[PDB]
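Notes for the structure review
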Amino acid sequence: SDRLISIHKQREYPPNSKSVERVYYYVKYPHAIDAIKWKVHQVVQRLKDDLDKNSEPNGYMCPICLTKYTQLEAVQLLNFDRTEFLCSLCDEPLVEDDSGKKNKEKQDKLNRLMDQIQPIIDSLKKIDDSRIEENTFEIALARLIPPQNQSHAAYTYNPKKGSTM
Amino acid sequence: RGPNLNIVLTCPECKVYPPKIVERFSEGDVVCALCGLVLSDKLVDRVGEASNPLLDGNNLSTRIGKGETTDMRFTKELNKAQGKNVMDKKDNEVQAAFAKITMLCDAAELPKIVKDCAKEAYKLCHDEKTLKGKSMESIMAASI
Amino acid sequence: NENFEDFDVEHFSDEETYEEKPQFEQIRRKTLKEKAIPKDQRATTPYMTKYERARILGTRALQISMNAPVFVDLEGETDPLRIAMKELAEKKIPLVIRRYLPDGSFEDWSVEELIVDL
Amino acid sequence: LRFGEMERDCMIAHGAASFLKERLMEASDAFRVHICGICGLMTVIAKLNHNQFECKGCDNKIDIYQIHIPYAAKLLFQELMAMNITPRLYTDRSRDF
Amino acid sequence: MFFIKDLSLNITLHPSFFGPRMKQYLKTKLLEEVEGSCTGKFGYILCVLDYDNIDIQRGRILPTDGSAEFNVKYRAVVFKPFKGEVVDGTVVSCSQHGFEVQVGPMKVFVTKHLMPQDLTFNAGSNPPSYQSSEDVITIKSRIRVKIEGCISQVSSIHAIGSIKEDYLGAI
Amino acid sequence: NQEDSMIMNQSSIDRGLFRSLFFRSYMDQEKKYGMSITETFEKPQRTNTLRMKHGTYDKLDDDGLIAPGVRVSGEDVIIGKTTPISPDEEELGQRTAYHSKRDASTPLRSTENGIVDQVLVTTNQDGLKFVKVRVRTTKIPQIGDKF
Amino acid sequence: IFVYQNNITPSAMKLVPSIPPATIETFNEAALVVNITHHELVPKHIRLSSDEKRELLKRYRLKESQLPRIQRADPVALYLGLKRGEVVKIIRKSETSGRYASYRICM
Amino acid sequence: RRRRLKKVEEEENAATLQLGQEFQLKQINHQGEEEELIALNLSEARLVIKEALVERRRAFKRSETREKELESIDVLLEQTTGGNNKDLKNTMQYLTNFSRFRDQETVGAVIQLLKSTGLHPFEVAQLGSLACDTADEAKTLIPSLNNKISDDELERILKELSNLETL
Ligand SMILES: [Mg+2]
Ligand SMILES: [Zn+2]
Ligand SMILES: [Zn+2]
Ligand SMILES: [Zn+2]
Ligand SMILES: [Zn+2]
């Protein structure tokens, strides 16, 4: 799902004729690094957007009904005394949320994320300055090391005719 | 705890609590008994299936069967898919035990109230740490 | 339930029979002031139709039943529909008919100028 | 009593439109539902005590209309939304006759 | 902000007002729920200008109600607030949550998070006020406030004020 | 007597021409859903029973059943049944801690009236007590009876 | 107008549409033995001009699609050589009004 | 006319001149033509509404310091406006307290002085409303003035308007 490992659905014909449609696990380097790049960019963008939402003022939340209330809708729900904001349903004096108190906490979380992800961005800086060969199932077999002797998976690839996907 | 979400039918003119309320089912009206003012009109007095939420809980499941035009391979595949469900394994075994309760009571010609009492006795005593090592036949016989 | 041999035909129930055989512009645009046909070139009939008469009598009676001013002298009349018919008899109903032509255009015919021939 | 389809046809042939409307609305099921002008759906949250209206998604609070439809019509439209069909109701024409 | 705008309103006349001078009942009925009425689309409508001629066209009878529907078109002076605009006003109420300032016909609430930190609430004062090292924010005091967020319903408009920017605050 | 109508003698009707007896039996049972959720044949009281029918209950006895011979009118309770409810709720406004039961009684048909002819107490196959109440009335021929 | 004996080779139908404004109409000899217009069930069809069609649409406040239709394979339509969008004024004997003029547009 | 949802638009912000689709510069009047959007400064609004009220008073009849003006406009409101006048009374006392210019001559000549600017009606209405004393103060109060007017022209306009304001 995170595209770190690709799967190959090749079935071969072993000499005992008890063939099964085995799956081959391998890595597609450019697809994997693009997935990693997209994931970290969406992580930092979502954290920045959460920081922006935390930059919004605190607002309110009615503890009886457990519903948030922004500062804009608090003014439409203030009392005749002009002193307290009352809930629409519970008719309870609104208590303040913490949108802004944790804003510095979210920024420090972003800072502690940023130096930890720094080797990843350094690696992507060195990769973006270089050329990545788009490996596939055939390319990955060039640097293959077999793990066990009696391997039922025959790594020899079988091309076919008629497949036009 | 939580929102109120409760509607009380109090007469806005008599201002008497508790309100004297007469439910005119025939005329579809809820009226105040003291002054005759209606409170809620168009009141609501088959389409689904009966379900007692004390015997099998809040379990809502439907089975797959042959229709007017039905290919059997689809039915077999769907039955195998529905059988391979992990979240209702406890529900599956308590339903199997309820089926065994009904089979033992029917073989004994016990009445329906005995089956209901034995089923609720199994359900209340189900999944108890003090009752874990006993055989299924023991739970069967003791619930009966 | 019920068990009666007196056969009552189930009305509005032809779906049994349906399921038995299941296989076998230039002059005016938008909403401008042009939509009103002017009075000099109104081409509809000057006679007030039975539907126009029914709806004018109903509307006038609904107004009279809701304490509208009455522009005729009452002769002891009480029913709002009969007051409405007396108003229509001597042409004292202050309403008009917007007769919609099929292209959306309309003619405004006053109740006063329409002829009540029926 | 059943005011069936062909009773409605007889009232159509009579030309009594308002009586037909009264039978189908004021005699069986008269429902007031709110719609917004942007999307024709009935997904408007109305708080009549607070005089507040809102359609989420469109995020509009000033373009709300109330209509009187049969409750069977509201049920039909909500069932169509359950079938992933949008029966968008609008209070103004878009094309000529 | 004050504006002059041409508006159209759909007015229902009860059949009791179908008199010989229906137009003046219709104009008065235009008056009492438009003068001072609040609409979120066009702001607080203040006064109906140019009374002598008002576009009253032919009114449609509702088919089941019996009331006449007139779409009266008129020119009126309005007051529509916006975000990012600077309006002066006077404080009319104060609390620990903040204070409400009256701007034109409309009250704008300035929250406790939107004053500078030198300003703090002093409930012991009579009337309660917000006190700082250089100025006080009391009732019936002129104050310049910028509106940075406003919410308008179908009939109610509420705005959020702030005086934390420089060249704002009391006047 | 036009279009298949008939004129039938009122004096003959008074003397028993085509007068008929009509019996309607009402069945009811008390069933044990669980342990405490069981129905009970008893005369309900407005103080401790919810959703009582607005028809009278005075014709019932202590067992919740009307005695044979008692004249009944429309929507009168002939079998009184109560089931317990969950305590400490808030429904219809007129809900208190006194209401430990709800009314599951069987009223007469709203248009029907007559005389309770026979009341039959017994147990079903399951052993649950169930009752059968027969109400007798007479249909005197009138305008609209089919002959 | 081409009047053939029995049939045409289907490989000639592709060249039957020629360069405008030339129009090619093919008629079978067997289909043209009897004039269908002389039949008592066939009323008088009169093709309308462009100005007549415009006046017809204006006076009845109509559109092109709101007219009654006649398909461009109808034997009377092929007899009159109707093209798409042409309107024929059909005059037929009426048992309630003697003469009744109808209009059909060629789709 | 198209039936697009067109639900995406920028928020109404006075800094970015976005006042809504019903507050564009060109406005279609009831007689049909496009006409310039009318934005009134507070003194201008007070004069216009007072003229409307005295016109309505004259129609009803036929059918200066702040203290003596407040009572006069109050009795004018009582003799002219009926119910739901609370918002109108608040507006009139607001325009009385925040009145930069008293008579019609000052307001009209302020309009023809601001018409030499050729700026947006909203920002010149704000300039006639807000009593800014320095050009950068008006720039930070009204963000529309950024890259719109020269600093020396803005300075002379503001100090002129300071000379124009009376009492
Ligand atoms: Mg018959
Ligand atoms: Zn709440
Ligand atoms: Zn009451
Ligand atoms: Zn919407
Ligand atoms: Zn709801």
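Residues numbered from 1 in each chain as written, not as in the entry; some residues may be left out. Chains lettered and ligands numbered in written order. Part of a larger assembly, values for the part shown. Heavy atoms only, no water.

The record lists cryo-EM as the method behind this PDB entry and 3.6 Å as its resolution.

1. Observations regarding the interface of chain D and chain H
The criterion, for reference: Whether two residues touch is decided by their heavy atoms; if any such pair falls within 4.5 Å, the residues are in contact. Summed over both partners, the accessible area (1.4 Å probe) lost when two parts come together is defined as the buried area. By definition here, a salt bridge exists when the distance from a side-chain nitrogen of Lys or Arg to a carboxyl oxygen of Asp or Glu is within 4 Å. Polar contacts, as counted here, are pairs of nitrogen or oxygen atoms within 3.5 Å of one another; within protein the pair requires one atom able to donate a hydrogen and one able to accept it, and residues that are adjacent in sequence qualify only if both atoms are side-chain atoms. Throughout this entry, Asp, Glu, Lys and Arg are counted as charged residues, while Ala, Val, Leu, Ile, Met, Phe, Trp, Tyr, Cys and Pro are counted as nonpolar. The remaining residues, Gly among them, count as polar.
Between chain D and chain H, the residue contacts involve 8 residues of the former and 5 residues of the latter. The junction of chain D with chain H conceals about 610 Å² of combined surface from both sides, 41% of it contributed by carbon and sulfur atoms. The largest share of the area that chain D buries against chain H comes from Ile38, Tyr90 and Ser94 of chain D, three residues that together contribute 51% of it. One can count 2 salt bridges joining chain D with chain H. Across the pair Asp92 of chain D and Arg1 of chain H runs a salt bridge whose closest N-O atoms are separated by 3.6 Å. Where chain D touches chain H, the interface holds 1 residue pair in polar contact. Tallied by class, the residues present in the side of chain D that touches chain H amount to 3 nonpolar, 2 polar and 3 charged.

2. Observations regarding the nonpolar core
Side chains of a nonpolar character, in soluble globular proteins, are inclined to be buried together. To be explicit about the condition: Within this scheme, the nonpolar core is defined by two criteria: the residues are buried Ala, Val, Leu, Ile, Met, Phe, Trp, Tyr or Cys, and they are joined through side-chain atoms within 4.5 Å. Categorising residues by exposure relies on relative accessible area from a 1.4 Å probe, with only protein chains included: less than 20% of the type maximum marks a residue as buried, more than 50% marks it as exposed, and the intermediate range marks it as partly exposed.
Counting residues in each nonpolar core, the largest one holds 79 residues, and the members touching the most others are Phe2, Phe99, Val101, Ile137 and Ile163 of chain E together with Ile49 and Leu95 of chain H. When residues no more than four places from it in sequence are discounted, the contact partners of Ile137 of chain E are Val91, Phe99, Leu119, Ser129, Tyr130, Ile143 and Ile163 of chain E. In this structure, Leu57 and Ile83 of chain C, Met1 of chain E together with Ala14 of chain H belong to the second largest nonpolar core, which totals 43 residues.

3. Quick notes on the sheet that holds strand 3 (residues 44-47) of chain G
All names here are of chain G. This is how the line gets drawn: Paired strands, in this sense, are two strands between which DSSP finds at least two bridges. In this text, helices come from DSSP runs of H or I with a minimum length of four residues, and strands from runs of E with a minimum of two, each type numbered from the N-terminal end.
Strand order in the open sheet formed by 4 strands is 3-5-6-4, and the pairing between neighbours is mixed. The outermost strands of the open sheet, each flanked by one partner alone, are strand 3 and strand 4 (69-70). Strand direction decides the pairing type here: strand 3 and strand 5 (residues 87-94), joined by 4 bridges, are antiparallel. What sits directly across from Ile46, in strand 5, is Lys89.

4. What about the interface of chain E and chain H?
Taken residue by residue, the interface counts 43 residues in chain E and 40 residues in chain H. When the two sides are added together, the surface that chain E and chain H hide from each other amounts to roughly 3900 Å², 60% of it contributed by carbon and sulfur. Per-residue buried area on chain E facing chain H is highest for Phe2, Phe3 and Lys83 of chain E; these three make up 15% of the total on that side. The interface formed by chain E and chain H contains 5 salt bridges. We note a salt bridge from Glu12 of chain H to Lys80 of chain E, for which the minimum N-O separation is 3.7 Å. Across the contact surface, chain E and chain H share 11 residue pairs in polar contact. Among the secondary structure elements, those contributing two or more residues to the side of chain E that touches chain H are strand 1 (2-13), strand 3 (43-49), strand 5 (68-79), strand 6 (85-94), strand 7 (98-103) and strand 12 (142-152) of chain E. With 6 residues, strand 1 of chain E is the largest single contributor of residues to the side of chain E that touches chain H. Residues of the side of chain E that touches chain H, tallied by class, amount to 21 nonpolar, 7 polar and 15 charged. Alignment of strand 1 of chain E against strand 3 (residues 38-39) of chain H, held across 2 bridges, turns out to be antiparallel.

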